[PDB]
Amino acid sequence: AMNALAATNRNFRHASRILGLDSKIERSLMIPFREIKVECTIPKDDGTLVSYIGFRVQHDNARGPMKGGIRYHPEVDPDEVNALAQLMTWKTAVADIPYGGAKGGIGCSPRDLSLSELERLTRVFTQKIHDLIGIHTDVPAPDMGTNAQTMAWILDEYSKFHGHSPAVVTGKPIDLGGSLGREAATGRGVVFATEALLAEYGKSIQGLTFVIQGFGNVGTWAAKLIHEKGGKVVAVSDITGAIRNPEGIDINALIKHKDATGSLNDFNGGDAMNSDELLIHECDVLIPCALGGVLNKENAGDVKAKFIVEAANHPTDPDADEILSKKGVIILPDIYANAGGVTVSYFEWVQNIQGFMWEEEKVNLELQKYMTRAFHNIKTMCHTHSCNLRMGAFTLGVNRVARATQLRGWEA
Amino acid sequence: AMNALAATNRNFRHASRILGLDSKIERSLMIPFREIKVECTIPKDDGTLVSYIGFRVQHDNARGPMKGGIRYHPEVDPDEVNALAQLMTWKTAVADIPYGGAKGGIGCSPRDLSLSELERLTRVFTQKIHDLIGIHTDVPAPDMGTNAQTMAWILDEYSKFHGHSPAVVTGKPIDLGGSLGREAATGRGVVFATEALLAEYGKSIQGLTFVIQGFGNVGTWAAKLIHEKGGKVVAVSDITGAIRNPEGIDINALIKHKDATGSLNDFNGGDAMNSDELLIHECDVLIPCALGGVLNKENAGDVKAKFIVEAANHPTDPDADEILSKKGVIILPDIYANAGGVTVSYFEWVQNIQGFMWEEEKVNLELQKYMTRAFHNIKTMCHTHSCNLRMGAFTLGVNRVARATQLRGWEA
Amino acid sequence: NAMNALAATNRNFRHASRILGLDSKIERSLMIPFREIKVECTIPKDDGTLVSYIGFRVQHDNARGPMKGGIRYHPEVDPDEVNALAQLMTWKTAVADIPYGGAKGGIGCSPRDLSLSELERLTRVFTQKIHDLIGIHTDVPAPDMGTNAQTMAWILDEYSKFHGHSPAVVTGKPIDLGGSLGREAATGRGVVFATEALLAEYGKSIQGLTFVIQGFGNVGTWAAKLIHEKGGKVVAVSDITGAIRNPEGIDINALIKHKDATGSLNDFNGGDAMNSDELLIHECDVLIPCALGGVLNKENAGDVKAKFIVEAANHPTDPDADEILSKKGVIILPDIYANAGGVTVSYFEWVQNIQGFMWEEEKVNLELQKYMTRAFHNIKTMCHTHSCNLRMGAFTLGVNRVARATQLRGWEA
Amino acid sequence: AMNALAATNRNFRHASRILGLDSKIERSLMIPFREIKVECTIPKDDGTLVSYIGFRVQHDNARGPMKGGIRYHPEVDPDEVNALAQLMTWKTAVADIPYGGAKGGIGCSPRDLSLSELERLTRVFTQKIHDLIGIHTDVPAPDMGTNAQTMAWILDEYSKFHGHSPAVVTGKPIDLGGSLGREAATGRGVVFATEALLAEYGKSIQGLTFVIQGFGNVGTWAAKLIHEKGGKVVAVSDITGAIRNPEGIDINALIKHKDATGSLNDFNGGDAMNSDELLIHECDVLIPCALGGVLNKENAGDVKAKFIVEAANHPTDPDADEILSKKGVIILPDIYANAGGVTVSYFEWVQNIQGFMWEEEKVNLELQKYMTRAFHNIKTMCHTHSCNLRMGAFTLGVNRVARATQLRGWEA
Ligand SMILES: NC(=O)c1ccc[n+]([C@@H]2O[C@H](COP(=O)([O-])OP(=O)(O)OC[C@H]3O[C@@H](n4cnc5c(N)ncnc54)[C@H](O)[C@@H]3O)[C@@H](O)[C@H]2O)c1
Ligand SMILES: NC(=O)c1ccc[n+]([C@@H]2O[C@H](COP(=O)([O-])OP(=O)(O)OC[C@H]3O[C@@H](n4cnc5c(N)ncnc54)[C@H](O)[C@@H]3O)[C@@H](O)[C@H]2O)c1
Ligand SMILES: NC(=O)c1ccc[n+]([C@@H]2O[C@H](COP(=O)([O-])OP(=O)(O)OC[C@H]3O[C@@H](n4cnc5c(N)ncnc54)[C@H](O)[C@@H]3O)[C@@H](O)[C@H]2O)c1
Ligand SMILES: NC(=O)c1ccc[n+]([C@@H]2O[C@H](COP(=O)([O-])OP(=O)(O)OC[C@H]3O[C@@H](n4cnc5c(N)ncnc54)[C@H](O)[C@@H]3O)[C@@H](O)[C@H]2O)c1
Ligand SMILES: O=C(O)CCC(O)(O)C(=O)O
Ligand SMILES: O=C(O)CCC(O)(O)C(=O)O
Ligand SMILES: O=C(O)CCC(O)(O)C(=O)O
Ligand SMILES: O=C(O)CCC(O)(O)C(=O)O
Ligand SMILES: [Ca+2]
Ligand SMILES: [Ca+2]
Ligand SMILES: [Ca+2]
Ligand SMILES: [Ca+2]
Ligand code: NA
Ligand code: NA
């Protein structure tokens, strides 16, 4: 259970060492451009007040407007938001999209708030950060605990202060300027990333078994698209519980059952298992799709997967990376594998600022090209620097940010 | 040495209980409106880069634009800036000036920077916070390690972004719209505060002995104006050392000597003394004028003063308060005694927005009037609530802030 | 016959710089204006045909505060003149110890040749072209030659379309639109105060002395009227139409009525026509130029008969004339002091506007007197410190104050 | 050498008389929209101050945002900037790109300034004009003495005041939103223009001899691309000297030599020649790529070229035009032949505001289309008005600006 920012800074310092970065540049790159904490106090439906703290860490904007989602989750805190924001900086650079990195969140439990309370909280948070975000400054998006409806409320409230600004947030509903393909983009990108990786070993998804932790926006689309590529999704978990079927779970039936009952439990097409054995389940490919830090020094040694594809942000800490590398496990890093979301967010933003939307086929074709080119550039760094996939992506992104920073200069 | 924010929060909660504040209002008043941390990187004179982190905590704005200084000191960190900012909210309310509270700082050692480096650092910090401050939003000022020249640079840089804005900062040089009386205002207010307290016992400054920790903007003017009221300043210290004379130090001579040599303890008109027994020196009145938290559980039992007048922000922690109370020591609290600075800053801001400067005698007569009225209001709270001077001031300030907050309301 | 106005003003500035011992880099920075702006101003005439003018606003220096200075409509407006006038505003505001820097603007046009509707359109288009450059705490215009309170009303009205009601963006306004009591008369009244201050140093006063006035507009009429009411004998007056003299003194109130009724000073029953180019060399105790700059120059200065010159116009005496006149024993009270009653009461008008509350005229004129008395005292101090004449006493006072503010602001980016 | 603005105004008045332009419209089109001169004072690396005067002439914006580069050169003065700005107005209209004309510069010698000094000067200039330029107002670019790195500093400083604004300047580094093709664009467009001209005579570049004055952004690319189309570049000069080779200079070798030594002198593949006989050197096509006014009444009669293609701005004054016309020399005018720079600048601006960059193949294909179309419209004007190439282009541009001006109207 390592501190999230300590783990991410360890990876950053490793990448900086591989690159030979100057120490003063390295320090500047670590320090976020701006960290914001704001009081967010709303009346509950019964009129009583509740106060939350909202966060937006704006890590780096050398390569363009900052980009990253907003997490509503009880474990949101400054270290977590800082770690996620720094990862967005490297992720956007690896994807070669013209963004820097940011992240925000509120430490709350959304399932304990009514829809009207969530809307008020979202609008108050927007009132408290509207002057610090913007189409060409910092563009939020969903993350854990938020979704396209959350984004609609941000858009609606932001637009009161600045006029109609569809490009100020991505992950919007289609009817409010959202992009076709954005809902499925992170899971679909995970599929593309997994296919690029497996192809290096002469393999494809068909017939392989997959274990998925988390069953939300990322986990459901990754599970559904892997299954439709012929993969055997043999175990899935979420906050409610876990299920397994060694012949592969009928993911579409699982989605129906989850929507209808609110639970993975009592699914007819699988067996209840202990959630805390999900990550060490037998499989070809393990895909964490929920919280970070879940693969650590305590359980990494029990991981049975041959490949790990990080759909979640920072699911594997650096202690686990070492334990797993010794076990022969290949790890496709978060800052590449889950970048389908922010890549299609970039396409959404482009569509909005161009005032004209794309067909879904074009969105998904561009997503594939970007994921293919990013993986190609990662492999080049891995070869240049004789390093593993995580450090190939991390050095790629750090190097691109350092270049843009140096071009912009340092005089006042 | 107790954590500064923990110490201030202990005092705040006690005050809230005295007032019977609802627990949700109590929590809201603790949480700052907005906390900002920004990277401040400059080239040094030799061209090499140095990176600092700048802070501005905007604690509360219910009563008006936020107000508070900018500290350049190596121990600046988020807990310190948050504690100072919260104290500004109570202090402005105690003074009955139409401001809320804020504070900023950079963790740096100004003596280690050249004048050109300090100017670049000040201008970059201003570039990083200009969108967060403003004449009717948040109005900075000096504190430890900054002075009127610093404020000139903030004014000059801010005005590039928003046009000429003299009232955006106070403590300015007279020639750029500063107020007569502001340089001396905190020390002069300390004198008025001390006179008010002493008169409750039939006493005057004339003939009493005083010990002063620190010899900067606050300590020099407190010592000089006490001396000119006939007080005997028997010991003085600063970062370089300490000097004592039980007959009274010639403060004007000491000021000349300090300016000529940069040190205190080789002064002809006194004897060197160990700086670490200054606070426990025999005196009628002890006036800390340097860092916070210097009267604590380790040394409070050895304090020999009959009265403590808090010129520094939070020089006495709550452990020390309890120890000193049992010894019969009477403590005039920071949020009253040092409020001359922010009160004359209010007058400076008024003069700027009115476009027309006042004579110094008007500034100082208004300062006296405000300090006499605030002391009376503190005494009223002390009598109503049967509480000590610190809690009289804290409850006065918190109550005023809570009242403004409740009038503004909570709907979105 | 005149020196170039900017060369003349820079020669005075360089001399003041030398007296003060200014560093050469600071000297150069203080010469260079903050910002010079030239804009096309094209309007339809009443018959629909187009006419194009060039408008100027030179923002010379803002170290001491919002820039301040009038707008001139006159055929001889050009960049050198506007730059010279703007630089003089910087020193004048500093001499007066008001919290402003210096700017000036203008249009090279002949207002007499435009209809009122054409003048209004031109003024509104000029405002449209510079509204983003000026502002209550940035640059605050005012009248000058060829413009008046009605001109300022149109600037206010057009500017407020872009920025909301902004009374303090311009001074010299009509009283009924936020103007200050006392501003119409302020420059002439300040000229009297300044003259009284100077004469008192010689144990004299206005009563019984003789005065010659060149120009009979906002400045010249009020200087002449108020001098006359203090017992001065105004023995010659000119404007663009002609010149009249009466060695026993002209009835200024009668002359005002005659000029109003006929549009001319000529054929006034209470004086004698004279050659307008002998006006400045007429016998008198005190000569007060109240029209164009550079009118005392190499060609006529040696024939000046006045004992005192009080500069109500901006830069009426060039440095060649200064030197000639100094050898003749003529004492010259400089424009950047003597005519500062206008900008001083403009400051008061601006204060009243931003404060939302207007003053009585008695308060305005009492404050004007205080400011003019204090400024003269400070000029005398500089004269004594630097062993220099009145012009250099004022110039060094202003330059020193601007340099001090500049140094405090600093130079890093 | 004639006055630059007098020469350009003479060409403008000539074009207006060909068009029968209304005399009032003519006068308005001559008068620039807005001329700006600003103080630019910086500390040097040793801390001493230096003051420059920065200029931005915004000549005409009837057809759209104004466009034109920034020159750092000791001969920069108001007449030169006014002349270049008026030429940008006609050039943009000839190219049929939706821009008006502007130009800027600072009278300085960049080679006498350090890189940090150049950066501070550039940033201060930007501070002084940021309120007067903008994506839809006035978009600068490089010119003599500035380059992509200069533009990066303008972008960076401007974005402090207005947020990230990549389209505010063109000629940016690729890694900061620059366009592929922009660096080579002016020289490449010179090639296209020359090819369109020569084709009118059944000629092409291959085999012909060229002389080039200047060897910077424009001269190096023009010479390189001409040589790669089989042209014989027989003489080249820059500020350091001149070389000739009647069999053709190896331009790639000359570039490498120039880079390594900083001089064209002592190039192993050419002979020194007197650089003030470069323009009168025997050749088929003469291409000035440096200062304006270099062909004048004194040397035009000695010109030996058959064609002059004006890559520099206003290299030929009207006295020379007449002398050369009598000699049968054909002159392809600057406002057409060098328009590849601004045309690809337009594509860069488009890419930036669209948030999505183009392939270089597309950039260069569009450049060719635009240059071919502009030449066709110039020939149409030459035939309609029985005038030479300069007046065909000048009348095309003036007529397009006059039309847009008339549509906008004149009431307040
Ligand atoms: N949404 C995106 O576009 C996107 C993009 C890239 C990366 N990510 C990352 O993907 C991960 C999932 O995000 P999401 O958008 O799917 O969130 P979501 O809120 O839609 O779903 C989160 C899922 O995780 C489950 N979960 C929560 N705690 C769990 C626990 N302790 N054990 C097991 N399951 C648990 C929830 O029940 C739910 O199934 C996060 O790390 C997020 O930062 C999201
Ligand atoms: N300046 C104001 O208007 C103002 C207003 C209210 C309260 N305060 C408080 O007053 C105190 C002093 O502020 P200032 O403006 O005088 O600062 P300053 O920087 O002008 O001077 C600080 C002084 O403290 C001394 N000092 C520092 N560390 C010391 C140590 N360990 N022991 C002894 N002396 C030490 C320095 O040597 C110097 O004499 C601070 O708590 C500040 O927050 C300042
Ligand atoms: N108005 C102010 O508040 C103010 C303030 C300070 C200084 N000034 C200066 O005072 C002078 C006059 O300004 P004003 O406001 O009275 O202008 P105005 O337009 O009201 O009047 C100008 C006067 O000068 C006369 N004049 C013009 N050319 C002349 C010539 N060749 N010979 C003789 N007389 C001539 C006109 O006929 C008219 O009488 C100018 O130098 C101006 O810059 C004006
Ligand atoms: N850069 C563009 O995109 C662009 C676009 C259109 C037109 N132009 C025009 O092209 C010309 C060159 O611009 P650039 O971008 O190549 O500039 P640059 O600074 O990159 O290079 C200028 C070149 O001219 C040479 N030079 C200077 N003075 C000279 C002299 N007296 N004799 C001979 N050579 C001399 C320099 O040594 C250098 O080789 C200028 O007229 C410019 O306005 C530039
Ligand atoms: O779409 C975006 O802007 C961000 C997507 C994400 O923030 O969830 C992420 O990549 O972690
Ligand atoms: O004058 C001000 O606004 C600042 C006062 C201060 O921050 O130094 C303080 O009261 O601690
Ligand atoms: O009142 C003003 O602001 C300006 C007065 C004036 O510009 O005419 C001047 O002093 O020359
Ligand atoms: O690319 C631009 O916008 C301008 C190109 C240039 O200014 O150098 C020119 O055409 O002269
Ligand atoms: Ca950073
Ligand atoms: Ca609060
Ligand atoms: Ca200047
Ligand atoms: Ca025009
Ligand atoms: Na009409
Ligand atoms: Na240096």
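Throughout, a chain's letter reflects where its sequence line sits, starting with A, and its residues are numbered from 1. The analysis underlying the following values was restricted to heavy atoms, covering all of them including side chains, and did not include hydrogens, waters or symmetry mates. In listed order, ligands and their atoms are each counted from 1.
- Both the backbone and the side chain of D:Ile239 come within contact range of ligand 4, each with a heavy atom under 4.0 Å.
- Of the N or O atoms in D:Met88, none lie within a sub-3.5 Å distance of an N or O in ligand 8.
- At a 4.0 Å cut-off, not a single heavy atom of D:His73 sits close enough to ligand 4 to count as contact.
- Contacts with ligand 4 closer than 4.0 Å are made by backbone heavy atoms (N, CA, C, O) of D:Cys289 only, the side chain lying farther away.
- When the Ca ion (ligand 12) is compared with the N/O/S atoms of C:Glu40, atom OE1 turns out nearest.
- Protein heavy atom closest to atom 5 (C) of ligand 8, with residue, atom name and distance, is D:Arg182 NH2, 3.9 Å.
- Contacts of D:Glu310 with ligand 4, taken as heavy-atom pairs under 4.0 Å, are absent altogether.
- One option in D:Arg71, D:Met151, D:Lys103, D:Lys67 has a heavy atom closer to atom 7 (O) of ligand 8 than any other, and that option is D:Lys103.
- Comparing heavy-atom distances from atom 11 (O) of ligand 8 across D:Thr186, D:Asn313, D:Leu84, D:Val169 singles out D:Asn313 as nearest.
- Checked by atom type, the side-chain pair C:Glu40/D:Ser28 shows a donor-acceptor distance below 3.5 Å.
- Taking the ring axis of D:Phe394 as reference, the NZ or CZ atom of D:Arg390 does not stay both within 45° of it and closer than 6.0 Å to the ring centre.
- Taking each of D:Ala312, D:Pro142, D:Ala339 in turn, the one with a heavy atom nearest to atom 8 (O) of ligand 8 proves to be D:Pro142.
- Ring centroids of D:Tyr72 and D:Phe125 are separated by 6.0 Å or more, keeping the two rings apart.
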